[PDB]
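**Q** Give me the fold of what follows.
(one chain, ligands or ions: 3)
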Amino acid sequence: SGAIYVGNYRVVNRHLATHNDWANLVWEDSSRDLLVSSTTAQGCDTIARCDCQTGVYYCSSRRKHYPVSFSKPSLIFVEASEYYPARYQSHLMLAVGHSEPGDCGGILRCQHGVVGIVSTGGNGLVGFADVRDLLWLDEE
Ligand SMILES: c1ccc(-c2ccncc2)cc1
Ligand SMILES: c1ccc(-c2ccncc2)cc1
Ligand SMILES: [Zn+2]
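**A** Numbering: from 1, shown residues only. Ligands and ions are numbered 1, 2, ... in the order given. Below is the structure:
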């Protein structure tokens, strides 16, 4: 579980979006496992605008923050799960690290802010859905 709160926006894993997220839908992309809903409250989070390939992510299954190196956002083959068929996921960054299902929504950050959220795991890898291209999260 987890969300990014920036301005009047909530960023969640599309596959973990609640009924209220869909009732307040701003934008979603199945290929990215992302959904953005609108919030009454002002969010704190700054979105990184950078090409950092190092950062720290929260792993809820270990209650720990891990430093990681991660690949640039890419089209990545992701095995079938409960939520999606075996498919290519866009805007995904892979690192060596621990990720179990309930780790999704864990934040990855660099010195510049939030880079993305845990979206995938297994085989000793963690996948992060990048949000750094979503410039519109910073206005309106
Ligand atoms: C690096 C540092 C803090 C965080 C964080 C901790 C707890 N809740 C949200 C973000 C994520 C990555
Ligand atoms: C919190 C989380 C990551 C970082 C970091 C990530 C990438 N490059 C430099 C620092 C600093 C503070
Ligand atoms: Zn950065």
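
**Q** quick one: the helix or strand in which residue 94 is found near ligand 3?
**A** Assigned by DSSP states H and E, residue 94 belongs to strand 87-96. No. Judged by CB under 5 Å from the ion, strand 87-96 stays clear of ligand 3, getting no closer than 12.1 Å. All C-beta atoms are positioned from the backbone trio N, CA, C, and that covers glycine.

**Q** Show me the beta-bridge partners of the residue nearest the centre of the chain.
**A** In the chain, the C-alpha nearest the mean C-alpha coordinate belongs to residue 117, at 2.2 Å (CA atoms, centre = their mean). Beta-bridge partners recorded for residue 117 (DSSP bridges): residue 107, residue 129.

**Q** looking at it, it is touching residue 104, isn't it?
**A** Yes. With contact defined as CB atoms under 8 Å, residue 117 reaches residue 104; the gap is 7.1 Å.

**Q** what about the strands in this protein?
**A** Secondary structure of the chain (DSSP state E): strands located at 4-13, 25-29, 34-44, 54-59, 64-69, 74-78, 87-96, 107-110, 113-122, 125-130.

**Q** The strand holding residue 94 - contacts with which helices or strands?
**A** Judged by 3 or more CB pairs under 8 Å, 6 or more residues apart in numbering; DSSP states H and E, strand 87-96 is in contact with strand 64-69, strand 74-78, strand 113-122, strand 125-130.
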